[PDB]
Amino acid sequence: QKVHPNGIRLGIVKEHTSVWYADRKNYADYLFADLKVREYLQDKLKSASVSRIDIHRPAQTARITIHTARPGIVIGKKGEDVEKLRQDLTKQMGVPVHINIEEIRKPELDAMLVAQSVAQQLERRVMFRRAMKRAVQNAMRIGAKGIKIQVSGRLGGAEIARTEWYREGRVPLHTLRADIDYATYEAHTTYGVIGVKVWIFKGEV
Amino acid sequence: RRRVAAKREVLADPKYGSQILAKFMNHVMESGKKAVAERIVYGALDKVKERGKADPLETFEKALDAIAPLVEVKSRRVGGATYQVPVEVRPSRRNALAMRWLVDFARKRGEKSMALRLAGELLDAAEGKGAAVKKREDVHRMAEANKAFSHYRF
Amino acid sequence: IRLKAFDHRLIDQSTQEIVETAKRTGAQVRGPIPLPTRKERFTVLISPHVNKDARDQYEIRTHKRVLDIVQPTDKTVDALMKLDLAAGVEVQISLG
Amino acid sequence: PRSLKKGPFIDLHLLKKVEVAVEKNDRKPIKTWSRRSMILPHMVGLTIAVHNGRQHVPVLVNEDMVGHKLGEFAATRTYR
Amino acid sequence: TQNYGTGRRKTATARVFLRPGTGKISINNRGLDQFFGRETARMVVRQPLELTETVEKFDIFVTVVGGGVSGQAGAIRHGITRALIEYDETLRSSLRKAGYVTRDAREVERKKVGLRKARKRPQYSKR
Amino acid sequence: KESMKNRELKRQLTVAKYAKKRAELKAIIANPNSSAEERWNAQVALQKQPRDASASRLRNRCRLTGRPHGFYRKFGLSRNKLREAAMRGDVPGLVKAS
RNA sequence: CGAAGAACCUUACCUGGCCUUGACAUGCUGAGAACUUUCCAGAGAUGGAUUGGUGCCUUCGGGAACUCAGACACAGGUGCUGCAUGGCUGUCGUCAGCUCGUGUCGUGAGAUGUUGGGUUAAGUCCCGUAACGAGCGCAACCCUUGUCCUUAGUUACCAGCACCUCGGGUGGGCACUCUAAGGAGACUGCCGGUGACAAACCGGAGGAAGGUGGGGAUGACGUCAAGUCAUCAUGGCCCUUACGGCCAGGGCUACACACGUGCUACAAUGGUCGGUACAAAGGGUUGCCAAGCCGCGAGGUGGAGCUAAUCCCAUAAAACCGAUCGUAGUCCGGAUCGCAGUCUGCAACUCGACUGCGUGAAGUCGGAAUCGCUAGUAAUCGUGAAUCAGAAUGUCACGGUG
Ligand SMILES: [Mg+2]
Ligand SMILES: [Mg+2]
Ligand SMILES: [Mg+2]
């Protein structure tokens, strides 16, 4: 039901989050490094929200481009943390590591960034609907032509599994020509786990 | 049930030069064994040529006409009464019924040299004493008994 | 000289980068030669629970490309090898 | 099974406990959990307490048992 | 002289070389009788020649790759059709009516894997 | 379990530890020209070592999840973690196709 | 069916032996570098010797990395809750429907749009109409298959010239085939009739392809409090001298019985013997593992070539040609059992897969009932792969005849 909106469109619409070739003797060795690099990076950068972490492999060393909407927090006083993380990523990934940081101007048009803010809000015991009605509107004032956000979980109930379904604009899903962002960030409340889905729809083609 | 079904045509019998025999060979074939079925069909043909001086194609044509029926019952229920309607057989359908009955009663002949079973069935079909002709006449006699429901309650 | 890569937008665009820079230095280099491309299909199952009728089969390419010199008298291409290789181009030298 | 290129088989602890115990002849049963080892002409007439799975059952070794392994003489399931 | 045609039917690619001659007929450097052994293939390859009654006028040299007996025979028929068209481009109507120039696009339907055949399902016992 | 992930890591460590003496012992055995006397003492070396050194004892599990069943050696993931890691484009060259 | 592999290992279960800050994370105290010890006891866990090494940056004080011992917080739990949940999937169903902004009617739950005529795979479209528009869904956009053009010729090809041992085998050529990137091509586009002449319907030309050319992916709002707390994550409860751990065996493959799926057959459209023809797709420098060679055979030696149009896996089988079998529980059928071996594995008894000899069963087309399939379809015959030390009738993938 509702197959993942990124996997269906890799190519004509979207592209992979890591471009690198390895033989059969190193494919599983590089995948394990690359998958646990993201887990370490996201756990370290809980603040300074991270949306995309692209990993490219040029000739034999590395290449990484961390995306942050607040690059100043990561780059503190001329890369005090950039070099500190460059030193430590080599230990988990033996090849030497390059780090690059870009901006996410208009940060209210990324599914991961919106989901992280929603998860933060719902862990402050904020109303489950007032947060979303304003989160959709703030993202719709500038940029996207359509947004859907689904909030499924306890929602404060005793035995309840209701799902919020607020939508605005046009969000096709069977159109492969479209360009659709997607993210799934969970929230751990004092009781229940609430999952958040986002379908920020940018321009087609 | 929108009418979709088109017509797929198969007409190829080079080593004898016919059209009905290819369709008949398609009925003898099992599991796509066209090469095996072709020599059995020709195997039962050369035996007919050996038996009778006339060309076996005329014997096969006479056999088809002696097994192909004219009318047959059609069990359509009125919704409370099990009736049967004798319906005129379509001109295209009557050849297929004969070609299917012939092989079906040939398989149960119980002789040796399987081509001989079909050769004997074809020889009997030209006279009228064959099991296929008896089955044809049984259905014909049933049709007369069913003639009361030709158009009324049909 | 034979090259190996995985996309036609690097290997077939780097052929000009070698041909122009080698013919500039006097030595005559004929046009490049394509070779047949490898095509490996990887077929795997996609359904988490057993509904096997769902399918997904991939493909990985490996474009090959061969050059041919006429008069070996220039080491500029040997020096300009790091420039020629950009991201995924592997070059095995056969200086004819 | 167990091709003749690598012909015989006997666990090292069982071998050292039986070859030495042949010198001081049979006055006790041999308690051993191993069932994978064959019996040998050097071990004819001994008493082996093969592990059934919850207790050790005695085994009377005869000259006609050399080909078969110990575990064939110990049950696994009852079905009474 | 000589005309070229290419045939394709049931994953069987064939090269057909029409030449003037007396119908020697060579397929993979051996005779037609040595290639197709007592089957409909002998005439089905020969059918387009007799349709336009030019069997004796042309020598035919053939090279085949891929597929089986009937598929390769259909490939040679398609190749001979396309080569004969290229030589005498006026009998397109005659071969169109016979349906020889129409390439048979029926390829083996991919197995819906899990269904035992491309369409055969398990027996579906309802209880 | 986590203790189960732990105990199969030392299996791989022990398998990779010796990695040569067992190969030499098995090469001695496989030679038809080798003497039965040189084979019988070689049997002792294999058996007196701990049994958790052969590749047979090793059970290649999912690297991130540890599920024993549903593993592919062209990746390092389970049957159900591979789909989650692939739909997000982490795996290079892996798409949805027909 | 989770199981894309139960001899141990997987493994949770059972019978024993052995552990208590613990196999693992952080913080505290002390001692040694790490390492290598090739030995003994013991089922192993574990315990005790154990030649030997004394590192590394040094503010020369020591610090860091690892291993051993103590104690606290603790770690751990495949223990319960899927009716507390996240995530993922099945489902009606790839069925064509499901909703919303404004206006109107109705006191109101509502309804209008989304109803009427025609048409359509389709809420796909046309004409009317208190409705005017939009969203989800349908179609198209994506992948694959079928025609043509341009670019370029090695490991691919051999039209012209030589050569030849007559094999493109060799020089050589860049014509072509062949290969694979970039693009055109199909939109009822055009003609006749039908329709309100408006969607659309029926025929025709051309074209490789004709009426969404074929197939695949893509399943709306929701339902079953459907399944999963055992893949993972998590609220709450419980164990924490054991419901947590390590090691041996055994067990999950037991067995009067009934059920689902699958392969063999019961034969003469066939069984054997000896000739002979054509595939696609894929896997291989921790691997494929050739030739010669020894074996009745599974196989043993051997080491080439090989990182792939190069070398191997690799002989496709059904069909076709000649002989015999003469429908006989049999030159059918292979289950069962006895003996003898090869390969993998520390280890083939419970409990593996194959090879050699002998034995030869039930089975003569199968009740009520009941299922899959509309075209390269059903039917039947092969090939190679995923999981994998070994292990397929299931399952992964593509092809012959049809
Ligand atoms: Mg109907
Ligand atoms: Mg409706
Ligand atoms: Mg295997």
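Residues numbered from 1 in each chain as written, not as in the entry; some residues may be left out. Chains lettered and ligands numbered in written order. Part of a larger assembly, values for the part shown. Heavy atoms only, no water. Residues with missing side-chain atoms left out of burial classes, pairs and counts.

K.L.:
Could you give an account of the overall build of chain B, with specific residues and numbers?
P.N.:
Counting secondary structure elements, chain B contains six helices and two strands. Counting from the amino terminus, helix and strand elements in chain B follow one another as α-α-α-β-β-α-α-α. Taken along its principal axes, the extent of the C-alpha atoms in chain B is 55 × 40 × 25 Å. A separation of at least 24 residues holds for 60% of the contacts in chain B among residues at least 6 apart in sequence. (Helix = DSSP H or I, 4+ residues; strand = E, 2+ residues; numbered from the N terminus. Contact = heavy atoms within 4.5 Å.)

K.L.:
Lay out the overall build of chain A in plain terms, naming residues and giving numbers.
P.N.:
Within chain A, the secondary structure is distributed over five helices and nine strands. Walking chain A from its N terminus toward its C terminus, one meets helices and strands in the order β-α-β-β-α-α-β-α-α-β-β-β-β-β. Its C-alpha atoms give chain A principal-axis dimensions of roughly 50 × 40 × 35 Å. A separation of at least 24 residues holds for 60% of the contacts in chain A among residues at least 6 apart in sequence.

K.L.:
Any details on the pattern of salt bridges? Residues and values, ideally.
P.N.:
Under the counting rule described, the total for this entry stands at 29 salt bridges over all chains. In this structure, the salt-bridge partner of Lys81(F) is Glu84(F), at a minimum N-O distance of 3.9 Å. One end of the pair is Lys81(F) and the other is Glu84(F), both in helix α4 (residues 81–87) and three residues apart, which spans about a single turn. Connected through salt bridges with shared partners, the residues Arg109(B), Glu111(B), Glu121(B) and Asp124(B) form a single ionic network. (Salt bridge = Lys/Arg side-chain N within 4 Å of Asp/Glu carboxyl O.)

K.L.:
Tell me about the protein's contact with RNA strand G, residues and numbers included.
P.N.:
Looking at RNA strand G, there are 168 residues lining it, with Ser31(B), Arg8(E), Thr11(E), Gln72(E) and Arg96(E) nearest. Within the side chain of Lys2(A), an N or O atom sits 2.5 Å from a phosphate oxygen of RNA strand G. In this structure, a sugar or linking oxygen belonging to RNA strand G sits 2.4 Å away from a main-chain N or O atom of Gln123(E). With eight residues, the single largest contributor to the surface near RNA strand G is helix α1 (residues 2–18) of chain F. Class assignment of the residues belonging to the surface near RNA strand G gives a composition of 48 nonpolar, 47 polar and 73 charged. (Near = heavy atom within 4 Å. Polar contact = N/O pair within 3.5 Å; in protein donor to acceptor, adjacent residues only side chain to side chain. Nonpolar A, V, L, I, M, F, W, Y, C, P; charged D, E, K, R; others polar.)

K.L.:
A description of a negative patch on the surface should follow, citing residues and the corresponding values.
P.N.:
Together, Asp55(B), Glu58(B), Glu61(B) and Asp65(B) line one region of the surface with negative charge. In this structure, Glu61(B) sits in helix α3 (residues 56–67). (Patch = residues over 30% accessible without salt bridge, like charges linked within 9 Å, V, L, I, M, F, W, Y side chains within 5 Å. Areas by Shrake-Rupley, 256 points an atom, 1.4 Å probe, with all protein chains shown as cover. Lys, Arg positive; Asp, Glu negative; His and termini not counted. Charge placed at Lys NZ, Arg CZ, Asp CG, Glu CD.)

K.L.:
So what about the interface of chain C and chain F? Which residues, and what values?
P.N.:
Counting residues at the interface gives seven residues for chain C and eight residues for chain F. Taking both sides of the interface into account, the surface hidden between chain C and chain F amounts to around 750 Å²; carbon and sulfur atoms contribute 55%. If you sort the residues of chain C by the area they bury against chain F, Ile46(C), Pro48(C) and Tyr58(C) come out on top, with a joint share of 52%. At the junction of chain C and chain F, the tally comes to zero salt bridges. At the boundary of chain C with chain F, the tally comes to two residue pairs in polar contact. (Buried area = accessible area lost by both parts, 1.4 Å probe.)

K.L.:
Can you tell me about the sheet that holds strand β2 (residues 33–34) of chain C, naming the residues and giving the values?
P.N.:
Residues and elements named next belong to chain C. An order of β2-β7-β1-β8 is seen for the four strands of this open sheet, with the pairing classed as antiparallel. Of all strands in the sheet, those bounded by a partner on one side alone are β2 and β8 (90–92). Judged from the three bridges that link them, strand β1 (residues 2–4) and strand β7 (residues 64–66) form a sheet pairing that is antiparallel. The residue of β7 that forms the bridge with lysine 4 is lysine 64. The strands that helix α1 (residues 8–23) touches are β1 and β7; relative to β7, the one it contacts most, it runs at about 15°. (Pairing = 2+ DSSP bridges. Axes fitted to C-alpha atoms, helices over the stretch in contact; angles between N-to-C directions.)

K.L.:
A description of the pairing of strand β3 (residues 56–60) of chain D should follow, citing residues and the corresponding values.
P.N.:
All names here are of chain D. Sheet analysis places strand β2 (residues 47–51) next to β3, joined by five bridges and oriented antiparallel. For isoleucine 48, the partnering residue across the bridge sits in β3 and is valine 59. Between β2 and β3, which pair antiparallel in sequence order, lie four residues; one of them, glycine 53, sits at a positive phi of approximately 140°.

K.L.:
Describe the interface of chain F and chain A, listing the residues and the values that go with them.
P.N.:
Each partner contributes to the interface: chain F provides 20 residues, whereas chain A provides 21 residues. Of the residues belonging to the side of chain F that touches chain A, the class tally is ten nonpolar, three polar and seven charged.

K.L.:
Let's hear about the packing of helix α1 (residues 27–44) of chain A against helix α3 (residues 80–92) of chain A: which residues, and what values?
P.N.:
Residues and elements named next belong to chain A. Between α1 and α3, the least distance of the axes is 11 Å, while the angle of their chain directions is 145°. Judged by the twist between their axes, the crossing of α1 over α3 is right-handed. Each of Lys36, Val37, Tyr40, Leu41 and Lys44 in α1 lies in contact with α3, whose residues at this interface are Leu85, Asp88, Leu89 and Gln92. When the residues that make up the contact of α1 with α3 are grouped by side-chain class, the tally is five nonpolar, one polar and three charged. (Left-handed = near helix turned anticlockwise from the far one by under 90°.)

K.L.:
Can you tell me about a positive patch on the surface, naming the residues and giving the values?
P.N.:
Where like charges cluster on the molecular surface, the positive patch consists of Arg129(A), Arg130(A), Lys133(A), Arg134(A) and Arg162(A). Within the fold, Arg134(A) resides in helix α5 (residues 130–141).

K.L.:
Explain a nonpolar patch on the surface to me, and be specific about the residues and the numbers.
P.N.:
Residue and element names in this part refer to chain A. A cluster of nonpolar side chains, contributed by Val3, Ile8 and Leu176, occupies part of the molecular surface with about 220 Å² of accessible area. When you line up the elements, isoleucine 8 lands in the segment before β1 (18–19). For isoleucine 8, a relative accessible area of 32% puts it in the partly exposed group. (Buried < 20%, exposed > 50% of the residue type's maximum accessible area, 1.4 Å probe, protein only.)

K.L.:
Explain the packing of aromatic side chains to me, using residue names and the numbers behind them.
P.N.:
On inspection of all chains with the given rule, the structure shows eleven aromatic pairs over all chains. Ring plane angle 65° and centroid distance 4.6 Å describe the contact between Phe35(E) and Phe36(E), whose orientation is recorded as edge-to-face. Joined through ring pairs, the aromatic side chains of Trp20(A), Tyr27(A), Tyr30(A) and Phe75(F) make up one cluster. When the ring centre of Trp101(B) is taken as reference, the NZ or CZ atom of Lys135(B) above it lies at 5.1 Å. (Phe/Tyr/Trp six-rings, centres within 6.5 Å; stacked < 30°, edge-to-face > 60°. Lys NZ or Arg CZ within 6 Å of the ring centre and 35° of its normal.)

K.L.:
Pulling in residues and values, what's your account of the pairing of strand β2 (residues 13–20) of chain E?
P.N.:
Note on strand geometry: in a regular strand, side chains alternate between the two faces of the sheet. All names here are of chain E. For strand β1 (residues 3–8) and β2, the ladder comprises six bridges, and the chain directions are antiparallel. Considered in β2, the bridge of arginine 8 is made with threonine 13. The hairpin formed by β1 and β2 contains four residues between the paired strands, and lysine 10 there has a positive phi angle of roughly 55°. With eight bridges connecting them, β2 and strand β5 (residues 58–65) associate as antiparallel partners. Note on β5: the bridge partner recorded for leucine 18 is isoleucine 60.

K.L.:
Describe the UniProt feature "domain: KH type-2" in chain A, with residues and values.
P.N.:
Those places that UniProt annotates as "domain: KH type-2" correspond, in this numbering, to residues 37–105 of chain A. Its end C-alpha atoms 25 Å apart, residues 37–105 of chain A is made of 36% helix and 23% strand. (UniProt positions renumbered as here; feature names shortened; annotations may be inferred.)

K.L.:
Quick rundown of the nonpolar core? Include the residues and the values.
P.N.:
If you look at soluble globular proteins, the nonpolar side chains tend to sit buried side by side. All names here are of chain B. Residues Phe24, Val41, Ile67, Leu118 and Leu122 are the most contacted members of the largest nonpolar core, which totals 30 residues. Residue assignment for this core shows that the elements contributing at least two residues are α1 (20–28), α2 (34–51), α3, α4 (93–107), α5 (114–125) and α6 (131–145). With eight residues, α4 is the single largest residue contributor to this core. Apart from residues no more than four positions distant in its own chain, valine 41 is found in contact with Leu21, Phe24, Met25 and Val28. (Core = buried A, V, L, I, M, F, W, Y, C linked by side-chain atoms within 4.5 Å.)

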